[PDB]
Each structure stands twice: as C-alpha cells, then as structure tokens.
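Residue numbers (the entry's author numbering), protein chains in the order written: chain A, 498 to 696; chain B, 486 to 727. Beta carbons are placed, not taken as given, at the ideal position from N, Cα and C, and that holds for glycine. This report concerns only the one structure given below.
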Amino acid sequence: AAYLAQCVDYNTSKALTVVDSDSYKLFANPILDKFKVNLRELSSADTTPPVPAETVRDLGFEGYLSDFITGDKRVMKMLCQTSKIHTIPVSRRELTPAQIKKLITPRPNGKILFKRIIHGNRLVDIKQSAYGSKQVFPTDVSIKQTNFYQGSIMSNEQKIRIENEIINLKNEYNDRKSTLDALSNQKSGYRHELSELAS
Amino acid sequence: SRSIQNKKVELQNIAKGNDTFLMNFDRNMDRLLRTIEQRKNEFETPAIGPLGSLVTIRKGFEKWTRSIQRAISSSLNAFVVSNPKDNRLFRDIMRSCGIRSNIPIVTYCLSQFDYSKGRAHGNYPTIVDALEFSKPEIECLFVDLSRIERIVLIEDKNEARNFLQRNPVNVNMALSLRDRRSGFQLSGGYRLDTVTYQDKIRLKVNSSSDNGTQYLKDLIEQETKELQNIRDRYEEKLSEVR
C-alpha cells in the first residue's frame, strides 16, 4: 500500500476511475459541481511489465506494483496504463549499491533500464538533464507506510466513542422505560382508588 | 469558529514576521542548508540554498503566486547534489542538524544551459517569466527538472482546456485563477484539478508578508460571514420547531 501510494499519487488514489473522457465530462458536470473529486480516465497503454520479472529481480527485486495490488478490473487497468504500475520494479529488498550504480549508468540498450524502481522502503527515480551536462542522475527517497487500500479500522477511536454512545443511549432508554413503568404503576393505583371511591 | 480561529492564528503568525523566508520551507531548513554548505565535501556541486532567494515570485502573477508557490515549493525541496555519496551526506546532515522536514536529493551537478529547445511559445508568459531568477545554475536546474519552460500560465479553466487542445509549442501545464483560496491546475487537454492554494508561503515572494496577512484577514471575514449564515439558518429552523 505504501508502494502504491508513493508510485501513484494520492490525488489519483482518491480519483474516480472513468472509462473515457466523454463519460468523464458527462458525469463530472453533475458531480464536480457538488463534490470536487479528481477523475482519472481509463487510458489504453501497456498493462504488462516491459521486461520479464527475471531481469528485474536480477537487480535484487521481487516483482512489480501491478503484481503487488489487486482490485477492480477497470481501476487496475487504469493504474497499469496511466500510472504504469507494471513498469515499476517494486520490492521490499534494498538493492546492492553495485547494481544501483549500474542502473545509474545508462544501459547499453541506449537508456536506463527503468525510470522508477522501489527497493526496500525506498524509491529510486533515474532521470537525465535535458540540456547542458545532461548527467544521468538518480534520486532516492524513503517510502512511508499508509493504511490506504486496506478495509481496516484505524479510526479505532471513533469506533470506541460510538460504542460508548451506544451504551449510554441504551442505558438512557432503559431508564426512560423504568420511568414509564413507574407512571403506569401510579396510574393503576389512581384507577384503583377511583374504583373504590365509585363503589 | 475553529476554522476562523485557525485562520486568525495563521494571520498572527504571518503578521509577527516569524514566518521568515529562511524558515518558510522549514523551521530547521537553515540548519540543513548550513550543514550541507559546511559538509559539501563529497558534493561536487554544492547543495546551495535556500533557493527561494534565488527563485523568487514575480509580480503580475499574484493570481497564481500562491499556486506557483505551492508547485515550485513542492518542487523546490529538491537541491543539487552530484553523486549518491552526496545523498548519503545529505541524510547524515539531516540526522545531525535534525531538520524538521526532509529534502529530496537530485543527483545532478549544477550546470548552466539553454532551454530554448523546449521553450514555451504561447500568449501566457512562462513560469520563468513568472519568477525572478538570480543564480543561472539554479534557474537552469529548476527549468530542466520542473519543465517550466514548457508551461504557459493559462488564466481560465475552459480557456486552459481549449489552449491545451490547441497544443502550441511546449504547452503542458496551466495555472488558472478561481479565487485567492484555490485555483485551477489543468493538463492533458481536459484534465482539471481544483487545487487549494498553499497556506504556508514556502516560495519566497517579493511582496511582503503583509499581503498574506490581509488575505488571511479577508478569509477570516468570509468565514465569519459563513458562520453567521449557518447560525441564522439553524436559528430559523429551531425557532420554527419551537
């Protein structure tokens, strides 16, 4: 989940998956006016990793972000095409520095092997300056965990507060019921006295 | 009322002058800058900072001065380093000085270069034209990394959509005005995002912080108006019920 949140921005992670731009407009006209929610169009790019997972794992990886998440077919397809999770060699093992520097140097194929990788709890993006020295340069940033993409309680505090509210309201209901019973007893006594007086 | 109080607190903090440009990026950002300057031994390119003085907001763009501030303040935290050893030294100095925030590392030596290869050719002046640049090395680094030379600041939502549909020479991003609280970021021809302007002015603005103080005062006034409207509506409801 942390890897998905790092590779796929939270705006896209909160964005509604839309099949096409036409439906995007047609269903954003009534929705965006009410609630400002990002909409990510279902693209049509590649859905499979560009290279076999063996070559990726030769650097010390495990697989890809596409392999590391599941979910709705259209949403997963949009993630694989727009965000291209399958193009991200993702792992929970940090790469060896030798292979890291091998990736820093452009590969003999003409470019770097990958522009976005995840090793351990860190993410490395390798880019190149458009002009000037145009050095092929990496960038490593630590990856932080999150509870997204997990239908689990963590507002746990809200659950406890609501349970306390349930208990208090049930107790109040029982107390009111007891007061009603007392009122009924008083009414019965009054009616008994009235019957005695009438007799 | 809590939102109004938070806006008042922000107004007081900005007005006191404690929201200094040096501390705008982070409270201990200056500590990190001093440490990298003192520990740029492995840095073939010094991790020069702060870049807000070198990359300041320019007038005529107060419509998205906050939007440009947000964008290039998210992008500004990336400094210039040469080799991954410099990234390790950056992490070491972060652990040493204990900077409250984290600085992304760009492993590219500073160099000055022409960006006319992908210069934006549109009616809207580029972000480079929207920013005062002092150091040519830092200016070139920002242009290359952020691709601001391929961006024209289109001023309206549908105008941005149409202009991106036209796709002139190097037109990728559009920063349109909706209000002083939030604006529009547009890309992809029809991709539109309503983005709230960044409250913390990390990016240096040539205009004094008093503009931010007055903006926060206006925000407080509008939120008090909203509070009054809500209170009156609920008072009407409760009066009818009673």
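Within 10 Å of its beta-carbon, does residue 595 of chain A have 16 or more other beta-carbons around it, so buried, or fewer, so exposed? Exposed.
Between B:607, B:521, B:602 and B:561, which lies nearest to residue 576 of chain B when the distance is taken from Cα to Cα? The residue among B:607, B:521, B:602 and B:561 with its C-alpha nearest the C-alpha of residue 576 of chain B is B:521.
Taking DSSP's pairing of strands, which residues face residue 670 of chain B in a bridge? Bridge partners of residue 670 of chain B: B:660 and B:678.
Taking contact to mean at least 3 C-beta pairs separated by less than 8 angstroms, is the segment 505–515 of chain B in contact with the segment 537–552 of chain B? The segment 505–515 of chain B, when compared against the segment 537–552 of chain B, does touch it at the 8 angstroms Cβ threshold.
Between which two residues does the beta strand (DSSP E) harbouring residue 615 of chain A extend? Counting along the chain, the beta strand (DSSP E) containing residue 615 of chain A begins and ends at 614–616.
From A:556, A:531 and A:637, pick the residue whose C-alpha is nearest to that of residue 504 of chain A; which is it? Measuring C-alpha to C-alpha distances from residue 504 of chain A to each of A:556, A:531 and A:637 identifies A:637 as the nearest.
Are the beta-carbon atoms of residue 557 of chain B and residue 633 of chain B separated by less than 9 angstroms? It is a contact, given that the beta carbons lie within the stated cut-off.
Residue range of the unbroken beta strand (DSSP E) whose run includes residue 617 of chain B: First-last of the beta strand (DSSP E) with residue 617 of chain B: 616–618.
Bridge partners of residue 514 of chain A, per DSSP? Bridge pairing for residue 514 of chain A: A:537 [DSSP].
Taking C-beta pairs closer than 7 angstroms, name the residues in chain A that residue 609 of chain B reaches, listed in chain order. The contacting residues do not exist; residue 609 of chain B stays about 21 angstroms from chain A at best.
Run down chain B in chain order and give the residues with a C-beta less than 7 angstroms from the C-beta of residue 636 of chain A. The contacting residues are 589, 590, 591 and 592.
Check whether the Cβ of residue 582 of chain B lies closer than 9 angstroms to any Cβ atom in chain A. Residue-level contact by beta carbon fails for residue 582 of chain B and chain A, as no gap is shorter than 9 angstroms.
Using a Cβ cut-off of 9 angstroms, which residues of the segment 511–538 of chain B contact any Cβ in chain A, in chain order? Here the close residues number zero.
Can you tell me which of B:684, B:693, B:604 and B:591 puts its alpha carbon nearest to the alpha carbon of residue 564 of chain B? Of the listed residues, the one whose Cα sits closest to residue 564 of chain B is B:591.
May I have the straight-line CA-CA distance separating residue 622 of chain B from residue 607 of chain A, to the nearest angstrom? One Cα belongs to residue 622 of chain B, the other to residue 607 of chain A, and the distance between them is close to 27 angstroms.
Which residues in the same chain as residue 662 of chain B place their Cβ atom closer than 8 angstroms to its Cβ, once the five residues preceding and following it in sequence are excluded? Setting aside the 5 residues that flank it on each side, residue 662 of chain B is surrounded in the same chain by 548, 549, 640, 641, 668 and 669, each with a C-beta closer than 8 angstroms to its C-beta; the list follows chain order.
Where does residue 542 of chain B sit, in a helix, a strand or coil, going by DSSP? Strand.
CA nearest to the CA of residue 691 of chain B, picked from B:578, B:531 and B:544: The alpha carbon of residue 691 of chain B has as its nearest neighbour, out of B:578, B:531 and B:544, the alpha carbon of B:544.
Sheet register partners of residue 621 of chain A (DSSP bridge): Partner(s): A:614 and A:637.
Using the C-alpha atoms, what's the distance from residue 644 of chain A back to residue 568 of chain A? Here the alpha carbons of residue 644 of chain A and residue 568 of chain A stand approximately 16 angstroms from one another.
With residue 696 of chain B as the anchor, note down where its alpha helix (DSSP H) starts and where it stops. In the DSSP assignment, residue 696 of chain B falls within the unbroken alpha helix (DSSP H) covering 695–726.
With C-beta atoms as the reference, is residue 596 of chain B less than 9 angstroms away from residue 557 of chain A? Residue 557 of chain A sits away from residue 596 of chain B, with the two beta carbons spaced by 9 angstroms or more.
So with CB distances below 9 angstroms, who are the chain A contacts of residue 596 of chain B? Near residue 596 of chain B (Cβ distances below 9 angstroms), the residues of chain A are 626, 628, 629, 630, 631 and 632.
Rounded distance between the beta-carbons of residue 612 of chain B and residue 638 of chain B, thought under 8 angstroms: Between the beta-carbon of residue 638 of chain B and that of residue 612 of chain B there is about 7 angstroms, and that keeps the pair under the 8 angstroms contact cut.
Check the Cβ of residue 533 of chain A against every Cβ in chain B and list those closer than 8 angstroms, keeping chain order. Simply 679.
Measure from the C-beta of residue 597 of chain A to each C-beta in chain B and report whether the shortest distance is under 9 angstroms. For residue 597 of chain A, at least one C-beta of chain B is nearer than 9 angstroms to its own C-beta.
So, are the CB atoms of residue 555 of chain B and residue 683 of chain B less than 9 angstroms apart? It is a contact, given that the beta carbons lie within the stated cut-off.
Which residue or residues does DSSP assign as beta-bridge partners of residue 637 of chain B? Looking at the DSSP assignment, residue 637 of chain B forms a beta bridge with B:611.
Using 10 angstroms around the beta-carbon of residue 454 of chain B, count the other beta-carbons present and answer buried if the total reaches 16, otherwise exposed. Outside the displayed span of chain B (486 to 727) sits residue 454 of chain B, for which this structure offers no information.
Quick check: what's the CA-CA separation for residue 636 of chain B versus residue 614 of chain B? Cα to Cα, residue 636 of chain B sits roughly 11 angstroms from residue 614 of chain B.
Anyone know if the C-beta pair for residue 587 of chain A and residue 609 of chain A falls short of 9 angstroms? Annotated as distal: residue 587 of chain A and residue 609 of chain A, with beta-carbon spacing of 9 angstroms or more.
With burial defined as no fewer than 16 other Cβ atoms inside 10 Å of the residue's Cβ, what is the status of residue 534 of chain A: buried or exposed? Under this definition residue 534 of chain A is an exposed residue.
Any idea what DSSP makes of residue 686 of chain A, helix, strand or coil? Correct three-state label for residue 686 of chain A: helix.
Contact with chain B by residue 508 of chain A, beta-carbon distance below 9 angstroms: Under the 9 angstroms criterion on CB atoms, residue 508 of chain A is classed as interfacial with respect to chain B.
Which residues of the segment 679–696 of chain B have a Cβ closer than 8 angstroms to any Cβ of chain D? Give them in chain order. In summary, chain D is missing from the structure at hand, where the protein chains are A and B.
If contact is defined by three or more beta carbon pairs under 8 angstroms, each pair taking one atom from either stretch, is the segment 562–578 of chain A in contact with the segment 528–544 of chain A? A contact is defined here as three or more CB-CB pairs under 8 angstroms, and the segment 528–544 of chain A meets this definition with respect to the segment 562–578 of chain A.
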